[PDB]
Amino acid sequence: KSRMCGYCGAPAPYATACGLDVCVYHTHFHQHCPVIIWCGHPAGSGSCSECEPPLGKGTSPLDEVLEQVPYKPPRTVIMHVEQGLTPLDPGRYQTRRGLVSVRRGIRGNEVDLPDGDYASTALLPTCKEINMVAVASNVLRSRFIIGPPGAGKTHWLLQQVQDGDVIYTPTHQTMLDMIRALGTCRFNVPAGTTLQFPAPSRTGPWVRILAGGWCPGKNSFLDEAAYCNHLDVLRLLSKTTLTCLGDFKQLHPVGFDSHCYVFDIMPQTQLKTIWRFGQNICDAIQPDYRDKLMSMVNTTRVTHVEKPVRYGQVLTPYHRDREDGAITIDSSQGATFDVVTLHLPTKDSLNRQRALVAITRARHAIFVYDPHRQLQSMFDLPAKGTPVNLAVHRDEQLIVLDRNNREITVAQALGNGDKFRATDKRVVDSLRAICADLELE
């Protein structure tokens, strides 16, 4: 029945409002939110003889991380205490006589408060289940795998996960992405997803949304780690070690300056062999990666157009510029296409991470429309030729670009004696069907 302190796992009679469990000493070293102490007041408040002592800065990295998660206090609901029953929700409240926990009874909700009216604040779930001792060691027992785009980190996970293992992943979407590279996996469809999830096949490794806390398994993995909420990572490292796959040079987490500090003190190894694009792309993105990248595939065509084009998937920075099937660059992390157009109509719109992702989505050809010459400032991606015939869909119509980017017909492509380049199944199926009809007409 006794809680241990999340900073100093000594006995923890108290709790922050956010709410981490603190000991008698650490009540004055959590400047992130108030902590009510032995007297009815919060520490630091000059309200009496006990809350008079001043607060101090905390030495934990947890403190430094809360500096980017501002405390939004919820408003006081009031505590109407029966004989022992009260009409309130789950529990974990700070009244005025110390911490109070109301427990789920189906014969009413029971509290160990004598009959009266007490003003009560709900505790947040921000630092619940965080144990900074456990984190301190576990992080040193964990590993981080830098998978650049197209190095197949997401695949190495498959040739290593076993069915008693748990895979954590940050968003509903990345969750789904992982379900499908696995196939048979166990999971729960998140409350309030706006997507359609397969059937939870009940004989596979587990897949869980990072925000769900820790769940026991044998080995645990963190998918798209450099992107994950800092506090939910810590909630994991308070209970297990982790095998972390991600990339610092792509997108940062959505409410934070950079990636969580725990990855910076892990041992880090980086995949160097790339299965998705040509060496010219690899060379363009090399500055962001320590070890040399070696491309297993052909030169990816690079073309810089003067006026906008619509070849392949169109990627664009800002939502307002999306036309006719295009998508945001951010929404394309993890995705792969044969051909992308990089659509840059709006100025000061392309940050270095957003540029990385975009020039590494395509396999065979990228078309860059960069009137404000933004991309040259971050990546040296010179125009590059391929002596092949590109095949891509556009408005459900197979079109063919020759080695000089002229739209020609399937028939003319067979005439010019250059091979077709394409990987997408539907493109390749349209391509093979059409060549049949040409011969049988």
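Residue indices: 1-based, along the sequence shown.
Mean C-alpha B-factor higher for 265 to 273, or for 199 to 207? The stretch with the larger average C-alpha B-factor is 199 to 207.
Mean Cα B-factor comparison, 376 to 384 or 60 to 68, giving the higher one as deposited: Per the PDB record, 376 to 384.
Select one of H26, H393, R403, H41: the residue whose C-alpha shows the highest B-factor in the crystal structure entry. Among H26, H393, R403, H41, the PDB entry lists the largest C-alpha B-factor for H41.
If you compare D291, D115, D232, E129, which has the highest Cα B-factor in the entry? Going by the entry's C-alpha B-factors, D115 comes out highest.
Using the B-factors in the PDB entry, rank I281's C-alpha atom against the chain and give the third, lowest, middle or highest. Lowest third, going by the recorded CA B-factors of the chain.
Would the CA B-factor of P73 place it in the lowest, middle or highest third of its chain? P73: CA B-factor falls in the highest third of its chain.
Sorting by Cα B-factor within the chain, modelled residues only, which third would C48 end up in: lowest, middle or highest? It belongs to the highest third of the chain when residues are ordered by C-alpha B-factor.
Just say lowest, middle or highest third for the CA B-factor of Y227 relative to the other modelled residues in its chain. For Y227, the deposited C-alpha B-factor lands in the lowest third.
Assigned third (lowest, middle, highest) for the C-alpha B factor of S137: Bottom third by C-alpha B-factor.
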